[PDB]
Amino acid sequence: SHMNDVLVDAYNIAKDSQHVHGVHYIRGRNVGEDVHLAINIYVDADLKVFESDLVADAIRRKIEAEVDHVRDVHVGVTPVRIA
Amino acid sequence: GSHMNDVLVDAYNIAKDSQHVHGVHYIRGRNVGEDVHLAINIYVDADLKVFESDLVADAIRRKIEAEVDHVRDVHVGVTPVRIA
């Protein structure tokens, strides 16, 4: 039953984080009572990797801190050319 | 902008409550421009016949396509579970 809350809350965190151009994809997997989550964010292609890495880490930390029932969280980045 | 939250919740709920579904294994939503593409995988009895699991997956797909706004492509896969 927790998948619905996990996915909404995690998506809402990611979508409004600094440097996120938009969410690319979100995946939730039930493992017993736990939800494993993978999220991939679109980020400016020309950002430095140190900066994109900080963004991914901050999103991960915040989802882990704030979202109940999520066990593992992975946050990946997809570059996008910004018009 | 985004319709992802409604798509995921409504689709998960359709799949979870369908006949022969032991539970949802995973769900994935992808934003493609203004569209959402969805993949869902359901746990089913390991001993269900292929013909039966194909009917279940197709019915879930049809119902999500019919009921869930803003979803474009829908794929429904199955994962077998043998309890005993």
# chains A, B, ... in the order shown; residues from 1 in each chain; ligands from 1
call {"tool": "interface_residues", "arguments": {"of": "chain B", "to": "chain A", "cutoff": "8 Å", "atoms": "only C-alpha atoms", "output": "list in words"}}
result
residues 5, 8, 9, 12, 24, 25, 26, 27, 28, 29, 30, 31 and 32 of chain B
call {"tool": "residues_around", "arguments": {"residues": "residue A:14", "least_positions_apart": "6", "cutoff": "8 Å", "atoms": "only C-alpha atoms", "output": "ChimeraX atom specification"}}
result
/A:20,23,41,59
call {"tool": "atom_distance", "arguments": {"atom1": "atom CA of residue B:1", "atom2": "atom CA of residue B:34"}}
result
8.0 Å
call {"tool": "residues_around", "arguments": {"residues": "residue B:78", "least_positions_apart": "3", "cutoff": "12 Å", "atoms": "only C-alpha atoms", "output": "ChimeraX atom specification"}}
result
/B:15,20-27,39-46,48-50,52-58,60,75,81
call {"tool": "write_last_selection", "arguments": {"atoms": "C-alpha atoms", "output": "CSV table (one decimal), in the first residue's frame"}}
result
chain,number,residue,atom,x,y,z
B,15,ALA,CA,-3.2,-3.5,-11.5
B,20,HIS,CA,-5.0,-13.3,-10.6
B,21,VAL,CA,-2.6,-10.5,-9.4
B,22,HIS,CA,-0.7,-11.6,-6.3
B,23,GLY,CA,0.7,-8.0,-6.0
B,24,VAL,CA,2.5,-5.5,-8.1
B,25,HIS,CA,6.2,-6.2,-8.6
B,26,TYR,CA,7.3,-2.9,-10.2
B,27,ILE,CA,6.0,0.2,-11.8
B,39,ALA,CA,5.5,-0.1,-17.6
B,40,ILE,CA,4.0,-2.3,-14.9
B,41,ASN,CA,4.9,-5.8,-13.8
B,42,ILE,CA,2.5,-8.0,-11.8
B,43,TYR,CA,3.2,-11.1,-9.7
B,44,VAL,CA,1.1,-14.0,-10.8
B,45,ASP,CA,1.0,-17.7,-9.8
B,46,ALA,CA,3.9,-19.6,-11.4
B,48,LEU,CA,-0.9,-20.0,-14.5
B,49,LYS,CA,-0.9,-20.9,-18.2
B,50,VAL,CA,0.6,-18.4,-20.7
B,52,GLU,CA,-4.3,-16.9,-19.0
B,53,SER,CA,-1.5,-14.6,-18.0
B,54,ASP,CA,-1.7,-13.0,-21.5
B,55,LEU,CA,-5.5,-12.3,-20.9
B,56,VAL,CA,-4.8,-10.8,-17.4
B,57,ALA,CA,-2.0,-8.5,-18.7
B,58,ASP,CA,-4.1,-7.4,-21.7
B,60,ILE,CA,-5.1,-4.5,-17.1
B,75,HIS,CA,3.1,-2.2,-21.1
B,81,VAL,CA,5.8,-16.6,-8.1
call {"tool": "select_by_dssp", "arguments": {"residues": "chain B", "states": "alpha helix (DSSP H)", "output": "ChimeraX atom specification"}}
result
/B:4-16,50-67
call {"tool": "residues_around", "arguments": {"residues": "residue A:69", "least_positions_apart": "3", "cutoff": "8 Å", "atoms": "only C-alpha atoms", "output": "PDB file with N, CA, C and O atoms, in the first residue's frame"}}
result
ATOM      1  N   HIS A   2       2.135   1.152   0.295  1.00  0.00           N
ATOM      2  CA  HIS A   2       2.924   2.332   0.462  1.00  0.00           C
ATOM      3  C   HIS A   2       3.443   2.840  -0.868  1.00  0.00           C
ATOM      4  O   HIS A   2       3.942   3.940  -0.886  1.00  0.00           O
ATOM      5  N   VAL A   6       4.978   6.698  -1.672  1.00  0.00           N
ATOM      6  CA  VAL A   6       6.393   6.784  -1.974  1.00  0.00           C
ATOM      7  C   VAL A   6       6.594   7.500  -3.302  1.00  0.00           C
ATOM      8  O   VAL A   6       7.447   8.414  -3.412  1.00  0.00           O
ATOM      9  N   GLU A  33       7.800  -5.596   2.387  1.00  0.00           N
ATOM     10  CA  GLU A  33       7.198  -4.313   2.831  1.00  0.00           C
ATOM     11  C   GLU A  33       7.953  -3.071   2.406  1.00  0.00           C
ATOM     12  O   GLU A  33       7.513  -1.953   2.745  1.00  0.00           O
ATOM     13  N   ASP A  34       9.093  -3.252   1.731  1.00  0.00           N
ATOM     14  CA  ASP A  34       9.969  -2.137   1.394  1.00  0.00           C
ATOM     15  C   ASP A  34       9.695  -1.729  -0.065  1.00  0.00           C
ATOM     16  O   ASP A  34       9.269  -2.564  -0.871  1.00  0.00           O
ATOM     17  N   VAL A  35       9.901  -0.454  -0.365  1.00  0.00           N
ATOM     18  CA  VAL A  35       9.902   0.009  -1.739  1.00  0.00           C
ATOM     19  C   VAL A  35      11.317   0.415  -2.086  1.00  0.00           C
ATOM     20  O   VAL A  35      11.900   1.233  -1.366  1.00  0.00           O
TER      21      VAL A  35
END
call {"tool": "residues_around", "arguments": {"residues": "residue B:73", "least_positions_apart": "3", "cutoff": "9 Å", "atoms": "only C-alpha atoms", "output": "list in words"}}
result
residues 35, 36, 37, 38, 39 and 65 of chain B
call {"tool": "write_last_selection", "arguments": {"atoms": "N, CA and C atoms", "output": "compact mmCIF listing (two decimals), in the first residue's frame"}}
result
# COMPACT_ATOMS: atom_id res chain seq x y z
N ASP B 35 3.94 13.68 -22.79
CA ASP B 35 3.31 12.35 -22.60
C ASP B 35 3.93 11.55 -21.41
N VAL B 36 3.20 10.65 -20.77
CA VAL B 36 3.75 9.66 -19.82
C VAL B 36 3.67 8.25 -20.42
N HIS B 37 4.80 7.55 -20.46
CA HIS B 37 4.83 6.13 -20.84
C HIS B 37 4.93 5.29 -19.55
N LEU B 38 4.16 4.22 -19.48
CA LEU B 38 4.08 3.40 -18.30
C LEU B 38 4.44 1.92 -18.57
N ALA B 39 5.22 1.33 -17.67
CA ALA B 39 5.47 -0.12 -17.62
C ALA B 39 5.12 -0.61 -16.22
N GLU B 65 -5.43 2.06 -20.10
CA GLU B 65 -5.62 2.94 -21.28
C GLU B 65 -6.96 3.65 -21.33
call {"tool": "closest_residue", "arguments": {"among": "A:61, A:71, A:21, A:48", "to": "residue A:83", "atoms": "only C-alpha atoms"}}
result
A:21
call {"tool": "atom_distance", "arguments": {"atom1": "atom CA of residue B:64", "atom2": "atom CA of residue B:17"}}
result
12.2 Å
call {"tool": "residues_around", "arguments": {"residues": "residue A:44", "least_positions_apart": "6", "cutoff": "10 Å", "atoms": "only C-alpha atoms", "output": "list in words"}}
result
residues 19, 20, 21, 52, 77, 78, 79, 80, 81, 82 and 83 of chain A
call {"tool": "select_by_dssp", "arguments": {"residues": "stretch 28-81 of chain A", "states": "strand (DSSP E)", "output": "VMD selection string"}}
result
chain A and resid 28 to 31 34 to 44 70 to 80
call {"tool": "decode", "arguments": {"residues": "stretch 19-53 of chain A", "atoms": "N, CA and C atoms", "output": "PDB file, in the first residue's frame"}}
result
ATOM      1  N   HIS A  19      18.347  22.773 -10.145  1.00  0.00           N
ATOM      2  CA  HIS A  19      18.968  22.277 -11.357  1.00  0.00           C
ATOM      3  C   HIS A  19      18.219  21.151 -12.051  1.00  0.00           C
ATOM      4  N   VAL A  20      17.052  20.765 -11.564  1.00  0.00           N
ATOM      5  CA  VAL A  20      16.268  19.773 -12.233  1.00  0.00           C
ATOM      6  C   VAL A  20      15.398  20.390 -13.331  1.00  0.00           C
ATOM      7  N   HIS A  21      15.713  20.063 -14.571  1.00  0.00           N
ATOM      8  CA  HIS A  21      14.937  20.549 -15.717  1.00  0.00           C
ATOM      9  C   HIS A  21      13.593  19.857 -15.801  1.00  0.00           C
ATOM     10  N   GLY A  22      13.525  18.658 -15.282  1.00  0.00           N
ATOM     11  CA  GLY A  22      12.277  17.883 -15.215  1.00  0.00           C
ATOM     12  C   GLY A  22      12.683  16.496 -14.805  1.00  0.00           C
ATOM     13  N   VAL A  23      11.723  15.708 -14.343  1.00  0.00           N
ATOM     14  CA  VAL A  23      12.004  14.276 -14.095  1.00  0.00           C
ATOM     15  C   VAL A  23      11.938  13.525 -15.425  1.00  0.00           C
ATOM     16  N   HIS A  24      12.926  12.674 -15.674  1.00  0.00           N
ATOM     17  CA  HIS A  24      12.920  11.814 -16.807  1.00  0.00           C
ATOM     18  C   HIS A  24      12.077  10.548 -16.532  1.00  0.00           C
ATOM     19  N   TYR A  25      12.476   9.811 -15.523  1.00  0.00           N
ATOM     20  CA  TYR A  25      11.698   8.603 -15.132  1.00  0.00           C
ATOM     21  C   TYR A  25      11.761   8.309 -13.653  1.00  0.00           C
ATOM     22  N   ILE A  26      10.791   7.511 -13.197  1.00  0.00           N
ATOM     23  CA  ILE A  26      10.691   7.096 -11.832  1.00  0.00           C
ATOM     24  C   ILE A  26      10.239   5.634 -11.819  1.00  0.00           C
ATOM     25  N   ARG A  27      10.884   4.825 -10.979  1.00  0.00           N
ATOM     26  CA  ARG A  27      10.597   3.385 -10.903  1.00  0.00           C
ATOM     27  C   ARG A  27      10.490   2.982  -9.440  1.00  0.00           C
ATOM     28  N   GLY A  28       9.430   2.274  -9.095  1.00  0.00           N
ATOM     29  CA  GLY A  28       9.253   1.742  -7.741  1.00  0.00           C
ATOM     30  C   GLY A  28       9.141   0.251  -7.806  1.00  0.00           C
ATOM     31  N   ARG A  29       9.862  -0.467  -6.939  1.00  0.00           N
ATOM     32  CA  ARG A  29       9.819  -1.926  -6.895  1.00  0.00           C
ATOM     33  C   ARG A  29       9.467  -2.336  -5.482  1.00  0.00           C
ATOM     34  N   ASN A  30       8.452  -3.168  -5.349  1.00  0.00           N
ATOM     35  CA  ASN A  30       8.104  -3.689  -4.042  1.00  0.00           C
ATOM     36  C   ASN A  30       9.043  -4.838  -3.732  1.00  0.00           C
ATOM     37  N   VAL A  31       9.657  -4.794  -2.548  1.00  0.00           N
ATOM     38  CA  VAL A  31      10.458  -5.903  -2.039  1.00  0.00           C
ATOM     39  C   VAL A  31       9.948  -6.175  -0.610  1.00  0.00           C
ATOM     40  N   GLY A  32       9.096  -7.181  -0.454  1.00  0.00           N
ATOM     41  CA  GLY A  32       8.391  -7.371   0.816  1.00  0.00           C
ATOM     42  C   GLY A  32       7.603  -6.107   1.174  1.00  0.00           C
ATOM     43  N   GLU A  33       7.800  -5.596   2.387  1.00  0.00           N
ATOM     44  CA  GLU A  33       7.198  -4.313   2.831  1.00  0.00           C
ATOM     45  C   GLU A  33       7.953  -3.071   2.406  1.00  0.00           C
ATOM     46  N   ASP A  34       9.093  -3.252   1.731  1.00  0.00           N
ATOM     47  CA  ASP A  34       9.969  -2.137   1.394  1.00  0.00           C
ATOM     48  C   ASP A  34       9.695  -1.729  -0.065  1.00  0.00           C
ATOM     49  N   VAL A  35       9.901  -0.454  -0.365  1.00  0.00           N
ATOM     50  CA  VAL A  35       9.902   0.009  -1.739  1.00  0.00           C
ATOM     51  C   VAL A  35      11.317   0.415  -2.086  1.00  0.00           C
ATOM     52  N   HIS A  36      11.854  -0.125  -3.173  1.00  0.00           N
ATOM     53  CA  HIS A  36      13.119   0.357  -3.739  1.00  0.00           C
ATOM     54  C   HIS A  36      12.789   1.332  -4.858  1.00  0.00           C
ATOM     55  N   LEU A  37      13.432   2.483  -4.848  1.00  0.00           N
ATOM     56  CA  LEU A  37      13.108   3.566  -5.743  1.00  0.00           C
ATOM     57  C   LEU A  37      14.335   3.949  -6.609  1.00  0.00           C
ATOM     58  N   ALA A  38      14.102   4.180  -7.900  1.00  0.00           N
ATOM     59  CA  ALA A  38      15.094   4.767  -8.825  1.00  0.00           C
ATOM     60  C   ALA A  38      14.467   5.925  -9.536  1.00  0.00           C
ATOM     61  N   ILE A  39      15.150   7.074  -9.518  1.00  0.00           N
ATOM     62  CA  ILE A  39      14.640   8.251 -10.159  1.00  0.00           C
ATOM     63  C   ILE A  39      15.769   8.786 -11.031  1.00  0.00           C
ATOM     64  N   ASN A  40      15.402   9.286 -12.205  1.00  0.00           N
ATOM     65  CA  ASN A  40      16.387   9.883 -13.122  1.00  0.00           C
ATOM     66  C   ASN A  40      15.860  11.286 -13.470  1.00  0.00           C
ATOM     67  N   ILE A  41      16.728  12.286 -13.294  1.00  0.00           N
ATOM     68  CA  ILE A  41      16.405  13.715 -13.498  1.00  0.00           C
ATOM     69  C   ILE A  41      17.134  14.231 -14.714  1.00  0.00           C
ATOM     70  N   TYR A  42      16.465  15.060 -15.500  1.00  0.00           N
ATOM     71  CA  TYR A  42      17.097  15.837 -16.566  1.00  0.00           C
ATOM     72  C   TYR A  42      17.828  17.041 -15.955  1.00  0.00           C
ATOM     73  N   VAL A  43      19.089  17.196 -16.344  1.00  0.00           N
ATOM     74  CA  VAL A  43      19.930  18.303 -15.904  1.00  0.00           C
ATOM     75  C   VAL A  43      20.637  18.875 -17.100  1.00  0.00           C
ATOM     76  N   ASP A  44      20.934  20.173 -17.023  1.00  0.00           N
ATOM     77  CA  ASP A  44      21.716  20.853 -18.064  1.00  0.00           C
ATOM     78  C   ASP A  44      22.994  20.073 -18.431  1.00  0.00           C
ATOM     79  N   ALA A  45      23.133  19.757 -19.722  1.00  0.00           N
ATOM     80  CA  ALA A  45      24.282  19.016 -20.279  1.00  0.00           C
ATOM     81  C   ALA A  45      25.606  19.687 -19.919  1.00  0.00           C
ATOM     82  N   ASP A  46      25.572  21.027 -19.797  1.00  0.00           N
ATOM     83  CA  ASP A  46      26.804  21.810 -19.613  1.00  0.00           C
ATOM     84  C   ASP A  46      27.174  22.131 -18.165  1.00  0.00           C
ATOM     85  N   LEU A  47      26.351  21.725 -17.209  1.00  0.00           N
ATOM     86  CA  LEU A  47      26.710  21.746 -15.773  1.00  0.00           C
ATOM     87  C   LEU A  47      27.959  20.911 -15.587  1.00  0.00           C
ATOM     88  N   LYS A  48      28.776  21.245 -14.596  1.00  0.00           N
ATOM     89  CA  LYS A  48      29.878  20.382 -14.244  1.00  0.00           C
ATOM     90  C   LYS A  48      29.339  19.115 -13.538  1.00  0.00           C
ATOM     91  N   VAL A  49      30.050  18.023 -13.760  1.00  0.00           N
ATOM     92  CA  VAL A  49      29.648  16.769 -13.095  1.00  0.00           C
ATOM     93  C   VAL A  49      29.656  16.884 -11.574  1.00  0.00           C
ATOM     94  N   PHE A  50      30.555  17.664 -10.979  1.00  0.00           N
ATOM     95  CA  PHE A  50      30.540  17.855  -9.530  1.00  0.00           C
ATOM     96  C   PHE A  50      29.225  18.477  -9.069  1.00  0.00           C
ATOM     97  N   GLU A  51      28.668  19.373  -9.877  1.00  0.00           N
ATOM     98  CA  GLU A  51      27.415  20.024  -9.556  1.00  0.00           C
ATOM     99  C   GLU A  51      26.226  19.066  -9.704  1.00  0.00           C
ATOM    100  N   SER A  52      26.176  18.303 -10.803  1.00  0.00           N
ATOM    101  CA  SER A  52      25.080  17.363 -11.013  1.00  0.00           C
ATOM    102  C   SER A  52      25.113  16.282  -9.922  1.00  0.00           C
ATOM    103  N   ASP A  53      26.296  15.841  -9.577  1.00  0.00           N
ATOM    104  CA  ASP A  53      26.482  14.873  -8.500  1.00  0.00           C
ATOM    105  C   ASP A  53      25.943  15.366  -7.174  1.00  0.00           C
TER     106      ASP A  53
END
